[PDB]
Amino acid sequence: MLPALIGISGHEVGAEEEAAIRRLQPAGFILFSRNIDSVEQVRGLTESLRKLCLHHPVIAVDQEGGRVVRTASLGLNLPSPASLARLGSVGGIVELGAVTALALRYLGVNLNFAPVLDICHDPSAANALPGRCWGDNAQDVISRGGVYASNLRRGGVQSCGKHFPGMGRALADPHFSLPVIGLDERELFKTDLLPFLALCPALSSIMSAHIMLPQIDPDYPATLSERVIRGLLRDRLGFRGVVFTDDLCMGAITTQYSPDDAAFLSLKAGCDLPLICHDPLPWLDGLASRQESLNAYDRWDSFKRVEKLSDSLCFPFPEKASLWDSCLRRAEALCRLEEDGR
């Protein structure tokens, strides 16, 4: 099993993709809007991915709500976490988790890259993608994100807390290529790290961001720092689940490493499944070759975490049109609920 998630180009697995999947057996896949056109087409895509894999593959998506939604082509739209936080409706947060779980499960998706546990500390911090945050302090994020994650998981879809160690504090720095969190660890655990610690039982997994924590490691970002992952995340925070990386194919991280080396480095640091989201095929062979250069016991620990995740993955619902109509009906009603509450 290749320890990574890889993207898929289109509505069906291509020839080159299918070849690499048979040969390398990736732990799973991440889907985007380019993979989602109709219910039948999606269920066929996820069926293909499951059949091409000997193990039960992770099939993941960023179905957050608002401006991060991958199902527009299905007519399935969802409100943003920030809008449900403003609405103040507790039932609305439950329903976002429940409806997301129901729909993703009908499509054969088994993991959602949510909740976002970043804190939106100030309405001044500019965010290119607005609305992703559940609140402006750790306690509100824990309360709203926890209700979300609970009901996502209650519906059989695994959750992922992101982005460790807390993107709300990350600032651009002239002396660094990647964003920087200069906070002391003790203040981090009182604030941006607190949602990850408080919600561990509700988080199937956690995704690490490409952020510099220079007081802990001045040379490698969190995703590639053994001190941040094995020290801060595994030891002090105590998280025992699967650790994903931020995408290795886009962003400032690509100006520092190529995706195959970064994937290896993240496994060395203690992550379990780096994300190779866009054009993955050129990088998979170099990763699979460098794999046996890892400590065999570390590889065994990481495989047991991935195996535990895989064993919790749920299978798609049997075909039933009225079930999918309810997904559309409840999603539409959830959007109108937020719209009417403004």
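In this text, residue numbers run from 1 along the sequence as written.
Note on 285-293 vs 39-47: mean CA B-factor is higher in 285-293. The deposited model assigns a higher average Cα B-factor to 249-257 than to the other stretch when 249-257 and 262-270 are compared. Considering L117, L194, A126, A82 together, the PDB entry gives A126 the largest C-alpha B factor. The entry lists C-alpha B-factors for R144, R154, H175, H163, and the highest of these is at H175. In the PDB entry, a CA B factor belonging to the lowest third of its chain's modelled residues is recorded for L199. The PDB entry assigns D184 a C-alpha temperature factor belonging to the highest third of its chain's modelled residues. Annotation for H11: CA B-factor lies in the middle third of the chain's modelled residues. Among all modelled residues in its chain, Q215 ranks in the highest third by Cα B-factor. Sort the modelled residues of the chain by CA B factor and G28 lands in the middle third.
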